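As a starting point, one isolated chain is supplied in structure tokens, in the form deposited in one PDB entry.
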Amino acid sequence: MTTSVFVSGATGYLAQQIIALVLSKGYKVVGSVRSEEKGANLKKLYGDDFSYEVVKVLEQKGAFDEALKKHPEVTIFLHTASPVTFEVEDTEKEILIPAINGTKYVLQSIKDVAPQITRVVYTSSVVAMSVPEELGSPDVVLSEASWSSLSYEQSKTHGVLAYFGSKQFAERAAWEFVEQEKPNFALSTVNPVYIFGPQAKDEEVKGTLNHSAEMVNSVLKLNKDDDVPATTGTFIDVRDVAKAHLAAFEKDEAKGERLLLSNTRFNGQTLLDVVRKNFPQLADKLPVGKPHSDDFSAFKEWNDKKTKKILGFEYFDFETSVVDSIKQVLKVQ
């Protein structure tokens, strides 16, 4: 018989790509959603091998118990749902607690009611490994060993810092659970940088603007006199992140590992240069800046050697990820 994979936050951008990939390899999927209609929409998109359960609040003890009890066929759990909204009334209630408590409660639910689950993957982030000023530093070398120094108290102050904290603390909690609770499953994490690339379904393009994907896609909203975007950092293609999740549960080597998913540096000029060459009909409708003035040669390469060895595949290049993302938006209008 077939294996079932559980995916929390099935509505999301990364989660959908993960689902499409997992389905392609012959797994069944069970997705968590915050509403019935949200589930129903996904079901129409993904078909018969996809099912959903409604889990409205992560941060309640036993939130996943019923859903797990309903799906004894599931032997893999991918916990991807997390807050990603930076502008909030209460950083704790809206960012920190759902990530941290929600993560702690999922793991406990799996141990309580899903002993059959062999593998759990937590979707972390580079923000778990760092602080904001570090990410942009040519002198900083991140690795799978890196942990953020941000305090919980500091993390509270505003939404961005809260997200950084939410990831670091939830991930630490996940590792702590494994140590303390001695579950049946092995844990692994995936720690991505900014995620670019096309959405899993064309139908989902119009609906919400994922904060990372929109960093690429927003270029289409520029006009000829606008400034070059100041957006900058490191990227990873969504399809690569999804493949990493697959590796994260499939490979023996992945057990107990953190995977740093990071490719190349970019800025707004890099982005503009790609789009203008690829979509030359847009050239007259976009700024030019200073083509190929971007220089990243000073930046020390991050140490992802272990992750790359474990994964064993090559990443999508920046132009490809960008072009694929734009082609989709154009197709849909």
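Start at 1 with the first residue shown and count on from there. Heads up, when I say rigid core I mean the largest set of C-alphas that superpose within 1.5 Å between the two forms.
What comes next is about the form deposited in another entry, which does not appear here.
The one residue among 256, 138, 72, 207 whose Cα position changes by 2 Å or more between this form and the one not shown, with the core held fixed by superposition, is 207.
When two forms of a protein are overlaid on their rigid core, residues whose CA moves 2 Å or more are considered shifted, and residue 117 is not one of them between this form and the one not shown. The Cα position of residue 85 differs by 2 Å or more between this form and the one not shown after fitting on the rigid core. Here's the thing about residue 9 and residue 207: their CA atoms end up at least 3 Å farther apart in that other deposited form than they are in this form. The Cα-Cα distance between residue 85 and residue 262 is lengthened by 3 Å or more in that other deposited form relative to the form shown here.
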